[PDB]
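Asker: Following this line is model_8.json, made up of JSON, C-alpha atoms:
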```
[["chain", "number", "residue", "atom", "x", "y", "z"],
["Q", 167, "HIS", "CA", -223.62, -74.33, 71.88],
["Q", 168, "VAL", "CA", -227.15, -74.93, 73.16],
["Q", 169, "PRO", "CA", -227.03, -77.84, 75.62],
["Q", 170, "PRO", "CA", -229.34, -80.79, 74.86],
["Q", 171, "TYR", "CA", -230.76, -80.45, 78.40],
["Q", 172, "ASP", "CA", -232.24, -77.38, 80.08],
["Q", 173, "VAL", "CA", -233.15, -76.94, 83.74],
["Q", 174, "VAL", "CA", -236.86, -76.21, 84.22],
["Q", 175, "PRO", "CA", -239.14, -76.12, 87.27],
["Q", 176, "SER", "CA", -240.62, -79.50, 88.17],
["Q", 177, "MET", "CA", -244.23, -78.27, 87.94],
["Q", 178, "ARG", "CA", -245.10, -76.05, 84.98],
["Q", 179, "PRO", "CA", -245.92, -72.48, 86.11],
["Q", 180, "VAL", "CA", -249.10, -70.86, 84.80],
["Q", 181, "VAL", "CA", -248.98, -67.35, 83.31],
["Q", 182, "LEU", "CA", -252.07, -65.46, 82.11],
["Q", 183, "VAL", "CA", -251.59, -63.05, 79.22],
["Q", 184, "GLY", "CA", -253.60, -59.83, 79.16],
["Q", 185, "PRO", "CA", -256.06, -59.54, 76.31],
["Q", 186, "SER", "CA", -254.39, -56.12, 76.50],
["Q", 187, "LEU", "CA", -251.81, -54.29, 78.65],
["Q", 188, "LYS", "CA", -251.75, -55.61, 82.23],
["Q", 189, "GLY", "CA", -252.17, -53.10, 85.02],
["Q", 190, "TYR", "CA", -255.33, -51.72, 83.39],
["Q", 191, "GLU", "CA", -258.84, -52.28, 84.70],
["Q", 192, "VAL", "CA", -260.35, -54.57, 82.07],
["Q", 193, "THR", "CA", -257.42, -56.98, 81.91],
["Q", 194, "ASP", "CA", -257.02, -56.82, 85.70],
["Q", 195, "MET", "CA", -260.52, -58.16, 86.25],
["Q", 196, "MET", "CA", -259.96, -60.66, 83.40],
["Q", 197, "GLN", "CA", -257.12, -62.30, 85.33],
["Q", 198, "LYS", "CA", -258.50, -61.74, 88.85],
["Q", 199, "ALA", "CA", -261.53, -63.85, 87.89],
["Q", 200, "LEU", "CA", -259.27, -66.79, 87.04],
["Q", 201, "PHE", "CA", -257.10, -66.16, 90.10],
["Q", 202, "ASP", "CA", -260.08, -66.23, 92.47],
["Q", 203, "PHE", "CA", -261.43, -69.36, 90.76],
["Q", 204, "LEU", "CA", -258.15, -71.28, 91.02],
["Q", 205, "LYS", "CA", -257.80, -70.17, 94.64],
["Q", 206, "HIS", "CA", -261.33, -71.13, 95.69],
["Q", 207, "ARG", "CA", -262.11, -74.37, 93.84],
["Q", 208, "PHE", "CA", -258.53, -75.65, 94.09],
["Q", 209, "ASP", "CA", -257.59, -74.64, 97.63],
["Q", 210, "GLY", "CA", -254.96, -76.66, 99.47],
["Q", 211, "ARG", "CA", -252.98, -77.73, 96.39],
["Q", 212, "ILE", "CA", -252.20, -74.47, 94.53],
["Q", 213, "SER", "CA", -250.13, -71.51, 95.73],
["Q", 214, "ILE", "CA", -250.58, -68.00, 94.31],
["Q", 215, "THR", "CA", -247.51, -65.75, 94.02],
["Q", 216, "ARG", "CA", -247.22, -62.19, 92.71],
["Q", 217, "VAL", "CA", -244.10, -60.91, 90.93],
["Q", 218, "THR", "CA", -244.21, -57.13, 91.23],
["Q", 219, "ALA", "CA", -240.79, -56.74, 89.59],
["Q", 220, "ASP", "CA", -239.82, -57.62, 86.02],
["Q", 221, "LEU", "CA", -239.34, -61.18, 84.78],
["Q", 222, "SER", "CA", -238.33, -60.76, 81.11],
["Q", 223, "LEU", "CA", -234.60, -60.37, 81.91],
["Q", 224, "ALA", "CA", -233.99, -64.08, 82.60],
["Q", 225, "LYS", "CA", -230.80, -64.93, 80.70],
["Q", 226, "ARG", "CA", -228.44, -67.87, 81.13],
["Q", 227, "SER", "CA", -225.66, -67.41, 78.52],
["Q", 228, "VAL", "CA", -224.66, -63.78, 79.11],
["Q", 229, "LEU", "CA", -221.85, -64.07, 81.67],
["Q", 230, "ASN", "CA", -220.63, -66.29, 84.49],
["Q", 231, "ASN", "CA", -221.93, -63.94, 87.20],
["Q", 232, "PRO", "CA", -223.08, -60.42, 86.21],
["Q", 233, "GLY", "CA", -223.25, -58.41, 89.41],
["Q", 234, "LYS", "CA", -222.54, -61.13, 91.96],
["Q", 235, "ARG", "CA", -222.25, -58.63, 94.84],
["Q", 236, "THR", "CA", -224.05, -55.38, 95.61],
["Q", 237, "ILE", "CA", -220.85, -53.67, 96.83],
["Q", 238, "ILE", "CA", -219.13, -53.76, 93.42],
["Q", 239, "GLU", "CA", -220.91, -50.48, 92.53],
["Q", 240, "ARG", "CA", -221.14, -51.76, 88.95],
["Q", 241, "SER", "CA", -223.74, -50.62, 86.44],
["Q", 242, "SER", "CA", -225.27, -54.10, 86.60],
["Q", 243, "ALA", "CA", -224.78, -54.51, 90.37],
["Q", 244, "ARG", "CA", -227.03, -51.57, 91.30],
["Q", 245, "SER", "CA", -229.49, -52.28, 88.47],
["Q", 246, "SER", "CA", -232.67, -54.38, 88.72],
["Q", 247, "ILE", "CA", -231.26, -57.52, 87.08],
["Q", 248, "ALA", "CA", -230.09, -58.89, 90.44],
["Q", 249, "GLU", "CA", -233.60, -59.03, 91.91],
["Q", 250, "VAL", "CA", -235.04, -60.48, 88.68],
["Q", 251, "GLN", "CA", -232.34, -63.16, 88.69],
["Q", 252, "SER", "CA", -233.20, -63.95, 92.31],
["Q", 253, "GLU", "CA", -236.87, -64.24, 91.30],
["Q", 254, "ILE", "CA", -236.02, -67.16, 88.99],
["Q", 255, "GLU", "CA", -235.17, -69.91, 91.47],
["Q", 256, "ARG", "CA", -238.03, -69.29, 93.93],
["Q", 257, "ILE", "CA", -240.34, -70.56, 91.20],
["Q", 258, "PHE", "CA", -238.07, -73.62, 91.15],
["Q", 259, "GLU", "CA", -238.39, -74.27, 94.89],
["Q", 260, "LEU", "CA", -242.17, -73.80, 94.78],
["Q", 261, "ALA", "CA", -242.26, -76.27, 91.88],
["Q", 262, "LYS", "CA", -240.20, -78.81, 93.85],
["Q", 263, "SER", "CA", -243.02, -78.86, 96.44],
["Q", 264, "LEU", "CA", -245.37, -80.47, 93.86],
["Q", 265, "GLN", "CA", -247.82, -77.61, 94.44],
["Q", 266, "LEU", "CA", -249.04, -75.84, 91.30],
["Q", 267, "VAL", "CA", -247.92, -72.21, 91.18],
["Q", 268, "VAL", "CA", -249.00, -69.29, 88.99],
["Q", 269, "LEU", "CA", -247.10, -66.11, 88.09],
["Q", 270, "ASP", "CA", -248.87, -62.76, 88.44],
["Q", 271, "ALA", "CA", -246.30, -60.87, 86.37],
["Q", 272, "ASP", "CA", -247.48, -57.40, 85.36],
["Q", 273, "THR", "CA", -244.77, -56.85, 82.70],
["Q", 274, "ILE", "CA", -245.03, -59.80, 80.29],
["Q", 275, "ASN", "CA", -247.72, -59.25, 77.66],
["Q", 276, "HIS", "CA", -246.52, -61.58, 74.87],
["Q", 277, "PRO", "CA", -245.54, -65.28, 74.85],
["Q", 278, "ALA", "CA", -242.26, -64.55, 73.06],
["Q", 279, "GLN", "CA", -241.23, -62.27, 75.94],
["Q", 280, "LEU", "CA", -241.04, -65.32, 78.26],
["Q", 281, "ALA", "CA", -240.34, -68.19, 75.85],
["Q", 282, "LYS", "CA", -236.54, -68.40, 75.53],
["Q", 283, "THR", "CA", -235.97, -68.36, 79.30],
["Q", 284, "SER", "CA", -235.58, -71.42, 81.52],
["Q", 285, "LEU", "CA", -238.99, -71.06, 83.14],
["Q", 286, "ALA", "CA", -240.93, -72.75, 80.32],
["Q", 287, "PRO", "CA", -244.34, -71.84, 81.78],
["Q", 288, "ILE", "CA", -247.92, -72.68, 80.90],
["Q", 289, "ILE", "CA", -249.37, -69.66, 79.08],
["Q", 290, "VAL", "CA", -253.13, -69.06, 79.25],
["Q", 291, "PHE", "CA", -254.74, -66.85, 76.61],
["Q", 292, "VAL", "CA", -257.78, -64.77, 77.58],
["Q", 293, "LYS", "CA", -258.99, -62.88, 74.52],
["Q", 294, "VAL", "CA", -262.05, -61.15, 73.15],
["Q", 295, "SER", "CA", -263.20, -62.52, 69.80],
["Q", 296, "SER", "CA", -263.45, -59.11, 68.12],
["Q", 297, "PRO", "CA", -261.85, -55.71, 68.84],
["Q", 298, "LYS", "CA", -265.29, -54.13, 68.39],
["Q", 299, "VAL", "CA", -266.46, -55.80, 71.60],
["Q", 300, "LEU", "CA", -263.19, -54.90, 73.33],
["Q", 301, "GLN", "CA", -263.54, -51.19, 72.52],
["Q", 302, "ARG", "CA", -266.98, -50.94, 74.11],
["Q", 303, "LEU", "CA", -265.85, -53.13, 77.02],
["Q", 304, "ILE", "CA", -263.06, -50.61, 77.65],
["Q", 305, "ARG", "CA", -265.60, -47.79, 77.22],
["Q", 306, "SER", "CA", -267.79, -49.29, 79.96],
["Q", 307, "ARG", "CA", -265.17, -48.60, 82.66],
["Q", 308, "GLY", "CA", -265.37, -44.81, 82.50],
["Q", 309, "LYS", "CA", -263.55, -41.70, 81.36],
["Q", 310, "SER", "CA", -260.29, -42.80, 83.01],
["Q", 311, "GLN", "CA", -259.60, -45.56, 80.47],
["Q", 312, "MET", "CA", -260.42, -43.28, 77.51],
["Q", 313, "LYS", "CA", -256.93, -41.76, 77.72],
["Q", 314, "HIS", "CA", -255.06, -45.08, 77.43],
["Q", 315, "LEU", "CA", -257.62, -46.73, 75.16],
["Q", 316, "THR", "CA", -255.53, -45.72, 72.13],
["Q", 317, "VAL", "CA", -252.40, -47.56, 73.27],
["Q", 318, "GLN", "CA", -254.64, -50.31, 74.64],
["Q", 319, "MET", "CA", -255.76, -51.36, 71.14],
["Q", 320, "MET", "CA", -252.22, -52.22, 70.02],
["Q", 321, "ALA", "CA", -251.48, -54.45, 73.01],
["Q", 322, "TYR", "CA", -254.49, -56.46, 71.84],
["Q", 323, "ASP", "CA", -253.89, -56.52, 68.09],
["Q", 324, "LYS", "CA", -250.15, -57.26, 68.22],
["Q", 325, "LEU", "CA", -250.84, -60.06, 70.71],
["Q", 326, "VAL", "CA", -253.62, -61.64, 68.64],
["Q", 327, "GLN", "CA", -251.37, -61.43, 65.58],
["Q", 328, "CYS", "CA", -249.17, -63.98, 67.36],
["Q", 329, "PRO", "CA", -249.55, -67.55, 66.02],
["Q", 330, "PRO", "CA", -251.65, -69.78, 68.29],
["Q", 331, "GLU", "CA", -249.10, -72.61, 68.44],
["W", 343, "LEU", "CA", -320.71, -64.41, 43.77],
["W", 344, "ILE", "CA", -319.26, -64.01, 47.27],
["W", 345, "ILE", "CA", -317.08, -67.12, 47.00],
["W", 346, "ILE", "CA", -315.59, -66.22, 43.62],
["W", 347, "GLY", "CA", -315.21, -62.47, 44.08],
["W", 348, "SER", "CA", -314.32, -62.04, 47.72],
["W", 349, "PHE", "CA", -312.52, -65.15, 49.03],
["W", 350, "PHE", "CA", -310.79, -66.18, 45.80],
["W", 351, "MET", "CA", -309.74, -62.58, 45.14],
["W", 352, "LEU", "CA", -308.44, -62.27, 48.70],
["W", 353, "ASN", "CA", -306.45, -65.48, 48.23],
["W", 354, "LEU", "CA", -304.97, -64.14, 44.99],
["W", 355, "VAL", "CA", -304.05, -60.84, 46.66],
["W", 356, "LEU", "CA", -302.40, -62.61, 49.59],
["W", 357, "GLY", "CA", -300.43, -64.90, 47.29],
["W", 358, "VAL", "CA", -299.20, -62.08, 45.05],
["W", 359, "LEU", "CA", -298.23, -59.92, 48.03],
["W", 360, "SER", "CA", -296.41, -62.80, 49.73],
["W", 361, "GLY", "CA", -294.47, -63.52, 46.54],
["W", 362, "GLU", "CA", -293.57, -59.85, 46.13],
["W", 363, "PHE", "CA", -292.37, -59.63, 49.74],
["W", 364, "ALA", "CA", -290.31, -62.80, 49.38],
["W", 365, "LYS", "CA", -288.66, -61.45, 46.23],
["W", 366, "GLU", "CA", -288.07, -58.09, 47.93],
["W", 367, "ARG", "CA", -286.37, -59.59, 50.99],
["W", 368, "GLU", "CA", -283.56, -61.20, 48.97],
["W", 369, "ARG", "CA", -282.54, -57.90, 47.38],
["W", 370, "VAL", "CA", -278.98, -56.70, 47.93],
["W", 371, "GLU", "CA", -279.80, -53.71, 50.13],
["W", 372, "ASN", "CA", -282.09, -55.68, 52.43],
["W", 373, "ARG", "CA", -279.50, -58.46, 52.68],
["W", 374, "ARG", "CA", -276.81, -55.96, 53.67],
["W", 375, "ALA", "CA", -279.07, -54.38, 56.28],
["W", 376, "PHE", "CA", -279.89, -57.81, 57.73],
["W", 377, "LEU", "CA", -276.20, -58.74, 57.83],
["W", 378, "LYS", "CA", -275.50, -55.52, 59.72],
["W", 379, "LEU", "CA", -278.28, -56.30, 62.20],
["W", 380, "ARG", "CA", -277.02, -59.85, 62.75],
["W", 381, "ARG", "CA", -273.44, -58.68, 63.29],
["W", 382, "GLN", "CA", -274.64, -56.06, 65.79],
["W", 383, "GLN", "CA", -276.62, -58.71, 67.67],
["W", 384, "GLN", "CA", -273.58, -60.99, 67.86],
["W", 385, "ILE", "CA", -271.56, -58.04, 69.17],
["W", 386, "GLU", "CA", -274.19, -57.34, 71.84],
["W", 387, "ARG", "CA", -274.21, -60.99, 72.94],
["W", 388, "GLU", "CA", -270.42, -61.09, 73.27],
["W", 389, "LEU", "CA", -270.47, -57.74, 75.08],
["W", 390, "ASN", "CA", -273.09, -59.05, 77.51]]
```
Let's see the structure in the file written out as structure tokens.

Answerer:
Amino acid sequence: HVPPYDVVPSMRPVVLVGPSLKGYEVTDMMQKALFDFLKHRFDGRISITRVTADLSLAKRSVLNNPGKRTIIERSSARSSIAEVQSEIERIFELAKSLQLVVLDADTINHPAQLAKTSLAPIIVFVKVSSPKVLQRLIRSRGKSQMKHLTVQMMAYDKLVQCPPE
Amino acid sequence: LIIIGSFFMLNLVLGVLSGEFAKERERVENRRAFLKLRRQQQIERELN
């Protein structure tokens, strides 16, 4: 019973997807460049907010109130879903101020991870044209990234396999 | 004697060599090597 209307923030939030796993050096500079640009050129009308916690657990048709209080000692009450649920509406209040807001979420690495929720954000794709360039770009950082390079290829190839629509 | 046997012959040699080089360039192996070089150069540009 999907309602014909859904509640979304007034101003569309902007989310940048890693060309590869966020929290790693190459991607981190890839989004910090955009963050510094939006901050500097567009000062006074755009607010930058960082979501350290998760944001992929935004559900609306699970239960009336899962873990309403922290004293219930429930499995869901002491879990992290309470803070993530509280993260949802602050985006709404920042949107109601007409000021453009971005989301620096370090967990979402695919558009489908944050597509069925009620945020409905603007997703920006930063990608390298070829994985051959990406491999040497990762190599340029140093020996530290050599260990996670292997898992860092799949975060790129699975993401680019996503349709561009 | 000079005109016929030294300038005309040089022109013939240059023409034949240029034709041979042009035919050699479009061979399969040279084409593959050039494609490899071009792809590497595109990779270096994107990397830069």

Asker: Could you list, with a cut-off of 12 Å and counting all atoms listed in the file, the residues of chain Q near chain W, each shown with its nearest atom pair and the distance in Å rounded to one decimal, rows sorted by chain and ascending number, as CSV?

Answerer:
```
residue,atom,partner,partner_atom,distance
Q:293,CA,W:388,CA,11.6
Q:294,CA,W:388,CA,8.4
Q:295,CA,W:388,CA,8.1
Q:296,CA,W:385,CA,8.2
Q:297,CA,W:385,CA,10.0
Q:298,CA,W:385,CA,7.4
Q:299,CA,W:389,CA,5.7
Q:300,CA,W:389,CA,8.0
Q:301,CA,W:389,CA,9.9
Q:302,CA,W:389,CA,7.7
Q:303,CA,W:389,CA,6.8
Q:304,CA,W:389,CA,10.6
Q:305,CA,W:389,CA,11.3
Q:306,CA,W:389,CA,10.1
```

Asker: What separation in Å, quoted to one decimal, exists between atom CA of residue Q:316 and atom CA of residue Q:198?

Answerer: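 If I compute the distance from atom CA of residue Q:316 to atom CA of residue Q:198, I get 23.3 Å.
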
Asker: Counting all atoms listed in the file, I want the residues whose atoms come within 9 Å of (-252.0, -63.3, 85.8) in the file frame, returned as a PyMOL selection string.

Answerer: chain Q and resi 180-184+188+194+196-198+200-201+216+268-272+290

Asker: Could you tell me how far atom CA of residue Q:277 lies from atom CA of residue Q:221, in Å and to one decimal?

Answerer: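 Atom CA of residue Q:221 lies at a distance of 12.4 Å from atom CA of residue Q:277.
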
Asker: Leaving out residue Q:242 and any residue of its chain fewer than 5 positions from it, which residues lie within 8 Å of it when counting all atoms listed in the file, given as number ranges by chain?

Answerer: Q: 232-233, 247-248

Asker: Do a neighbour search on residue Q:213 at 12 Å with only C-alpha atoms, toss out local chain neighbours closer than 2 positions, and write the hits as a PyMOL selection string.

Answerer: chain Q and resi 177+179-180+201-202+204-206+208-211+215-216+257+260-261+263-270

Asker: Can you tell me, as JSON, the centre and edge lengths (Å, one decimal) of the axis-aligned box enclosing all of stretch 230-239 of chain Q's listed atoms after padding each side by 5 Å?

Answerer:
```
{"center_x": -221.6, "center_y": -58.4, "center_z": 90.7, "size_x": 14.9, "size_y": 25.8, "size_z": 22.3}
```

Asker: Quick check, in Å to one decimal: how far apart do atom CA of residue Q:245 and atom CA of residue Q:230 lie?

Answerer: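 Computing it gives 17.0 Å between the two atoms.
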
Asker: Which residues are close to residue Q:225, i.e. within 10 Å by all atoms listed in the file, leaving aside same-chain residues fewer than 4 positions away? Reply as a PyMOL selection string.

Answerer: chain Q and resi 229+247+251+282-284
